[PDB]
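Undergrad: Quick one: structure below, then a few questions.
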Amino acid sequence: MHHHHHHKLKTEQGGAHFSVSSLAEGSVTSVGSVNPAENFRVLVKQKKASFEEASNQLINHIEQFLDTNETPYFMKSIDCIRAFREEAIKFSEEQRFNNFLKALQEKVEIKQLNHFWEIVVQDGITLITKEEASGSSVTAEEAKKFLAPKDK
């Protein structure tokens, strides 16, 4: 007539559970998932580095690549440029723009990598696309003018 326990009141865990990440924690490799610019993005989005030091390491890494002879990274370089490009607009960094641009270019000048400069002309990756500003209505046109793949 009497019974104790076996009532089942406490739930066991309740939900999925396993290892986290398991991708790259310790050494493993560099870069989380694609995009070599994501790192710079990390510092700009984190307390790591300022939008300048971060973008600096981004272009710097791009310099290492630009040191190599591989181009899979040259269009991807343009992409990195595209990485801090948009971020800067949201990060309010105008000087950093003409800086990475005049710096990466002045660099292509000192050395070769004119091919990188080529896609730059084909991508409008030169001068302050808007108008040496931080908030305008102008588009890539300006850049398209600095180095256009058409006209004379």
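Undergrad: Does the range 109-130 hold any residues that are surrounded by 17 or more Cβ atoms within 10 Å (Cβ to Cβ), within 23 Å of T68 (Cβ to Cβ) and not polar (S, T, N, Q), and which are they?
TA: Result: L113, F116, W117, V120, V121, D123, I125.
Undergrad: Still on this structure, please answer the following. List the residue pairs whose Cβ atoms are under 7 Å apart, where the first residue sits in the range 77-96 and is farther than 14 Å from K45 by Cα, the second is among the hydroxyl-bearing types (S, T, Y) and outside any helix (DSSP H, G or I), and the two are 6 or more positions apart or on different chains.
TA: Going by the 7 Å Cβ cut-off, the qualifying pairs are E94/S134.
Undergrad: Has the range 13-36 got at least one residue that is β-branched (V, I, T) and touching a residue at least 12 places away in the same chain (Cβ under 8 Å)?
TA: no
Note: ideal-geometry Cβ built from the backbone for every residue, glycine included; neighbour counts use all protein chains shown. Coordinate-derived values only; no laboratory data.
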